[PDB]
Ligand SMILES: [Zn+2]
Ligand SMILES: [Zn+2]
């Protein structure tokens, strides 16, 4: 899926990272050094996530729980406990 | 100090746990299975704490920060970041 200034301005599904080349992913090429948006580095200082705080990203191997907190592991990342960037599932 | 039904009906200092014997603490006999009030099990799902949500407990090894949130580690528990149930170094 395309996204970003190169892809047309779409947002990635499950709010994944849009690389600078305009493609969606969740690995370093997309989320680290060559990320354009919803980058690992864009996680709020307070680590909250969700619609309440405008759907910000979470860092590497961290997901946005359904309670609105970024963090890692099943409790944040496994289905129904996870709202986006889910990665455990 | 004394708290709860056996101890006067007060809340502990630093909103710590009141055991079933009416004494204040922060270890498992106080906060765990034999806890009467402000127990580890009473953390709100939304993780809020502070007086605007009526001084809820925080879970185990979590502290209420000055920002109104329960969580683990130095953002919530360290000296100047913590308002109650503070414990980290
Ligand atoms: Zn939670
Ligand atoms: Zn932090």
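Residue numbering for chain A follows Swiss-Prot; the residues present correspond to positions 24-112, in that order.
Note that Cβ sites are derived from N, Cα and C of the backbone, with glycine treated the same way.
The substrate binding site annotation in Swiss-Prot covers A:24, A:42, A:43, A:44, A:45, A:46, A:47, A:48, A:49, A:50, A:51, A:52, A:53. Residues or ranges marked as Zn(2+) 1 binding site by Swiss-Prot: A:70. According to Swiss-Prot, the feature Zn(2+) 2 binding site maps to A:90. Residues or ranges marked as disulfide bond by Swiss-Prot: A:26-A:41, A:35-A:47, A:40-A:54, A:58-A:62, A:72-A:87, A:81-A:93, A:86-A:100, A:105-A:109. Summarising the annotation, Swiss-Prot assigns domain 'Chitin-binding type-1 2' to A:69-111. Residues or ranges marked as pyrrolidone carboxylic acid in Swiss-Prot: A:24.
Counting only the Cα atoms, the space from residue A:47 (substrate binding site) to residue A:35 (disulfide bond) is about 6 angstrom. Less than 8 angstroms from the CB of residue A:62 (disulfide bond) sit A:40, A:54, A:55, A:80, each of them six or more residues away in the same chain. Nearest in space to residue A:72 (disulfide bond), taking C-alpha to C-alpha distance over the recorded positions A:26, A:41, A:53, A:93, A:105, is A:93. Between the C-alpha atoms of residue A:24 (substrate binding site) and residue A:100 (disulfide bond), the distance comes to 22 Å. Cα spacing between residue A:93 (disulfide bond) and residue A:53 (substrate binding site): 19 Å, rounded to the nearest whole number.
Over all protein chains present, the Cβ of residue A:53 (substrate binding site) has 24 other Cβ atoms lying within 10 Å. Checking the recorded positions A:45, A:62, A:72, A:86 against chain B with a Cβ-Cβ cut-off under 8 Å leaves nothing. In the three-state DSSP reading, residue A:26 (disulfide bond) counts as coil. The Cβ of residue A:49 (substrate binding site) lies under 8 Å from the Cβ of A:39, A:40, A:108, A:110, each of which sits 6+ residues away along the same chain. Between the alpha carbons (Cα) of residue A:70 (Zn(2+) 1 binding site) and residue A:81 (disulfide bond) lies a span of roughly 7 Å. In the three-state DSSP assignment, the secondary structure recorded for residue A:53 (substrate binding site) is helix. Put simply, of the binding-site residues A:43, A:45, A:51, A:90, the one whose Cα is nearest the Cα of residue A:58 (disulfide bond) is A:43. Taking A:47, A:54, A:90 as the candidate recorded positions, the subset whose CB lies under 6 angstroms from any atom of ligand 1 consists of A:90.
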